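Chain residues, written in single-letter form:
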Amino acid sequence: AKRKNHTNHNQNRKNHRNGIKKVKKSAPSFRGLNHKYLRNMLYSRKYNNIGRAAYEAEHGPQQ
Amino acid sequence: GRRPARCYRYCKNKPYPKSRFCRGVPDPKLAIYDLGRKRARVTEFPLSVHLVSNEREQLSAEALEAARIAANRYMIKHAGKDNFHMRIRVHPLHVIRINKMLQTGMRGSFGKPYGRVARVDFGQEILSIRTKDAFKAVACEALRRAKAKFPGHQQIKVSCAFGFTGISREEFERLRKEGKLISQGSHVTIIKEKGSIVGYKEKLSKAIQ
Amino acid sequence: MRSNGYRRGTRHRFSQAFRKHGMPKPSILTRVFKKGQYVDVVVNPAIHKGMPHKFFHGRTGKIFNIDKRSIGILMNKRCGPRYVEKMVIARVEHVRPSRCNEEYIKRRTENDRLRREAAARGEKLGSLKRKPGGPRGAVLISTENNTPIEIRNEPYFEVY
Amino acid sequence: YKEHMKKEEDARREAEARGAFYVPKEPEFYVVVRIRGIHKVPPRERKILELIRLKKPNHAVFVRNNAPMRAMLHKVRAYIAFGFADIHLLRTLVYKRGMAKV
Amino acid sequence: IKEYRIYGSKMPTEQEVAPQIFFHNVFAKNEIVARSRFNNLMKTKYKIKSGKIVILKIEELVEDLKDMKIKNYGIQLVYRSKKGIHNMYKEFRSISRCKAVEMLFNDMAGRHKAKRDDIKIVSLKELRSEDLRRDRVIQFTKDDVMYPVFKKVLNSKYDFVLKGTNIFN
RNA sequence: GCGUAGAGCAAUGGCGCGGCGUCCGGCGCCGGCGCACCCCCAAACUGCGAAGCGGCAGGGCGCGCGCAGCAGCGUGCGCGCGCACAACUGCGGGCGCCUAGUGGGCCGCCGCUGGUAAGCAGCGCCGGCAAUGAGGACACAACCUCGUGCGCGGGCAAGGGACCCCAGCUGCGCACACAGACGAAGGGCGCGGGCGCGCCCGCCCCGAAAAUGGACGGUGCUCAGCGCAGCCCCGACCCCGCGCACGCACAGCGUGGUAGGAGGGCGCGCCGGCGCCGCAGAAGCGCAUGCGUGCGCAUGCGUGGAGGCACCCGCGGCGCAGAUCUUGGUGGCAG
Ligand SMILES: [Mg+2]
Ligand SMILES: [Mg+2]
Ligand SMILES: [Mg+2]
Ligand SMILES: [Mg+2]
Ligand SMILES: [Mg+2]
Ligand SMILES: [Mg+2]
Ligand SMILES: [Mg+2]
Ligand SMILES: [Mg+2]
Ligand SMILES: [Mg+2]
Ligand SMILES: [Mg+2]
Ligand SMILES: [Mg+2]
Ligand SMILES: [Mg+2]
Ligand SMILES: [Mg+2]
Ligand SMILES: [Mg+2]
Ligand SMILES: [Mg+2]
Ligand SMILES: [Mg+2]
Ligand SMILES: [Mg+2]
Ligand SMILES: [Mg+2]
Ligand SMILES: [Mg+2]
Ligand SMILES: [Mg+2]
């Protein structure tokens, strides 16, 4: 039978009972980053305290 | 066959004019908005009396024609057909609807165009008559024959303005003597010092006096 | 009940201002953008590519990603009882560098400088809080050359 | 307290000894009494009465005479009676009904 | 009710060190209505709203009733009805200025249902007997006026008493 | 960031007359057209644009050194040293897991849509009822006050203070109509004020007609009506104070509750134990008394004539006012 279609009544009151929780803090993610930038940042992290020329002097051609 | 005007009295809906979305609305029976000697010059009818709405409501186009004829017949019979120019201010622009429903009831309820009304506010003039000063009492009487055709309360006001210009009679008389007025028929333009001066001298050339 | 296209109900939101139509000026290309910087998404409707959703047209978010022609922006949205972080990709024509923290950065760099300089001379400054508007001050208004003026209620007259 | 009040009266009568008008610095706090009850309060007004610690009617607090606190008092002014206490109203409120949050 | 002369001005800033001082003479119930009636007149005559007004002084204008004669008062007022806003001029005889406006308020309420807040007083002037315009208040300016009391008034609070007891006299 | 109220005809789209014309047509006039002023306008118009809202910021910074395949002269990321607690007010906060009920709503306020309207239908925001008692509304889911353990004392709220019915007196007005006590356009040498014979404001009158006899709640009231002022009073579970109960993380704070969830107990049949009782009278039953917030418990007396109780454990066909419940018995109807 024909009845009520829609309301937003009591929705703000419901949504504030457990509050509007924030975005939950996380570790920083590489999701959404530029791929050329992210590839280069990991290369800088891979050869952080030892340079690349010294790293490939040890481990050979690293690619 | 027409509904009583108590069904469409108040400004209930948003204004709903004849547009590309609302077509098929019939023409209003209020055909004439200017009566008497329309071609009379601005300086011939100093006096101005107005029928002013004390209501927020919708005047029917049928009542706007009935009050038109009631006021026009009185100004003709008493002031004469040359001694006045009566302007109907409000225009029946709002279209009222009728549902008219086998009997469908409230299914598909949005109504077809049924009539035209003019939407008036508190203090809005409905009619206005410009006359000579001798026909004040005639013009006050013709408007009270017009407001009988109207719903609710109306008030007849004698305005200190000169005719159908917004300028008051003392202020209109001064600028007419200064040469600062150019007639546009029922209303007037005040000559200012803003033009080019060759255009300003052509403006004084076309002044009233 | 309205249809749910990507630019629904944007007749005024995605319009141009009066006498401010046209393609964007090349001076926007000289704006720097950095990761962490806050930006205001305000859609240039002359630029049809990289347009964000209409929901983010008033919003301000922090940059997480910087691309060739575009910028990734973190913007929280209410989904019921939670804020959900949306990643908004927008062309630079649709963003402005936000002045949301404009007066905070001006306050911070000066105050951090003053704290560094005072620590250099062996002093220290206790607290550099912004003091709000307190009570009114005491006033002295002299009636010398300033005579008090009576205000009266006046009779109601009406002009018509 | 007497010396601070006597200094303001001496500042005020010296100003009217000349032509001047002297009003002192208005106090550093308002005293606020919750007048209306806890029912039918919209969520903004209910929140401000919580931050003023006015959780029942006939409860009274002191709030600071700040520009943010004056705007808070204005938004719930249909629920409160607020004004300026002098030193006698301040001391009567604390000595007669004064408890500590410990 | 009481009469207040309330002095106020714009709050002085660095741009305007001595603003123009204004004052209003208000017949009000207390100083809070008197501040309220002052703040509207600064808001509507000038454009100074109440957030930027400092009220410099509020004094109670009280008359000395040393020998306490009756004066005549002509009151020009503006009262708002349910239908409009109108001007009226009423004349009263009373003790003080603050008592004559109390006679104005009880009369506008009795005769026109005008509440106290619906009434703004343009001017209150103490008048001679020769300058009075109302013939009803003129009758009591004559010397040696006299009338009897025709209303019965009880001489105690009674519920039931015997018939012989005088109650009116 | 918005584009609503307002405002605007300036573009789009309408409305309407005049005015003007080295414009056109017809016979100086009339009609077209053009222009400028103007008029009435717009939910699906906007050169403007509020009130109101929305987003974000108010903390880390400064310096130095390493790294990169990115970049072409920066950007990120590592690391170190140094500096440092950032408007107001309030205050503990964050997150996870499992699961119920719910998914017919309704009402008020403000803002709306459709509709002649509707105790109609459909929305927005907030509040309520549902599930919220109590006081005031004559009674009355929603209005007003205002929340709500059990009492005592105070003070009040809304609302009132002729009698029902707790609580009223002092003054100033006004009104006469079985009025106050449903109402329109239009009226009234009705009365009271006010303004310039006409207006205006109050009260009253006419307009004002329904069917059981009857409803300001009633009685009634003509100072119990319509207005005002002053002082006072009455009045809730509100607020305050005290005491107790219960809950809490317990020098204190808190206390409504449907669907619903949780905890701790009461009660029943039997079990493994453990303390006992009974022909000097067990269970059951009837009537009393006591205890207990309560589920219930204990005793006395009577009856009864052989079993039973308490606690700890364990098992469960474990608690009834309802099901046109089932079975049995019995009434009223009805001599
Ligand atoms: Mg009919
Ligand atoms: Mg409608
Ligand atoms: Mg494309
Ligand atoms: Mg609009
Ligand atoms: Mg509008
Ligand atoms: Mg309904
Ligand atoms: Mg309640
Ligand atoms: Mg109730
Ligand atoms: Mg009741
Ligand atoms: Mg009392
Ligand atoms: Mg009594
Ligand atoms: Mg309580
Ligand atoms: Mg409970
Ligand atoms: Mg339950
Ligand atoms: Mg047993
Ligand atoms: Mg037992
Ligand atoms: Mg069973
Ligand atoms: Mg049974
Ligand atoms: Mg049951
Ligand atoms: Mg039978």
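Going by the header, the method for this PDB entry is cryo-EM, and the resolution given is 2.9 Å.

Undergrad: What am I meant to see in the environment of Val122(E) here?
TA: Structurally, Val122(E) can be placed in strand 6 (residues 119-127). The sequence separation of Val122(E) and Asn87(E) amounts to 35 residues, and the corresponding C-alpha distance is 9.2 Å. Contacts of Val122(E), omitting those with residues within four sequence positions, involve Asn153(C), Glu154(C), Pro155(C), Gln76(E), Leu77(E) and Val78(E).

Undergrad: Any chance you could explain the environment of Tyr160(C) here in plain terms?
TA: As for its placement among the helices and strands, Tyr160(C) is situated in the segment after strand 7 (149-151). On the accessibility criterion, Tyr160(C) (34% relative accessible area) is partly exposed. For the pair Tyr160(C) and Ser3(C), spaced 157 residues apart in the sequence, the C-alpha separation amounts to 52 Å. Ignoring any residue separated from it by four or fewer positions in sequence, one finds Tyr160(C) in contact with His50(B), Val52(B), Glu125(B), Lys157(B), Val158(B), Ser159(B), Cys160(B) and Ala161(B). Within the local environment of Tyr160(C), its side chain forms a polar contact with the side chain of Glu125(B), the two groups lying 3.0 Å apart.

Undergrad: Is there a simple way to think about the interface of chain C and chain E in this case?
TA: By a widely used convention, the size of an interface equals the accessible area lost when the partners come together. Facing 16 residues of chain C, the contacting portion of chain E comprises 27 residues. Counting the surface lost from both chain C and chain E, the interface buries some 1,900 Å², and carbon and sulfur atoms represent 65% of this. The tally of links from chain C across to chain E stands at zero salt bridges. Taken together, chain C and chain E are joined by 10 residue pairs in polar contact.

Undergrad: In this structure, what is going on with the side chain of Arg136(C)? I would like to understand it.
TA: Within the element layout of this structure, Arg136(C) appears in the loop between helix 1 (102-120) and strand 6 (139-141). Of note is the side chain of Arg136(C), whose polar atom sits 3.1 Å from the side chain of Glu26(D). Leaving out residues up to four positions away in the same chain, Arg136(C) has contacts with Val23(D), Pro24(D), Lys25(D), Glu26(D), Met11(E) and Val54(E).

What counts, and at which threshold
Residues numbered from 1 in each chain as written, not as in the entry; some residues may be left out. Chains lettered and ligands numbered in written order. Part of a larger assembly, values for the part shown. Heavy atoms only, no water. Helix = DSSP H or I, 4+ residues; strand = E, 2+ residues; numbered from the N terminus. Contact = heavy atoms within 4.5 Å. Buried < 20%, exposed > 50% of the residue type's maximum accessible area, 1.4 Å probe, protein only. Polar contact = N/O pair within 3.5 Å; in protein donor to acceptor, adjacent residues only side chain to side chain. Buried area = accessible area lost by both parts, 1.4 Å probe. Salt bridge = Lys/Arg side-chain N within 4 Å of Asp/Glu carboxyl O.

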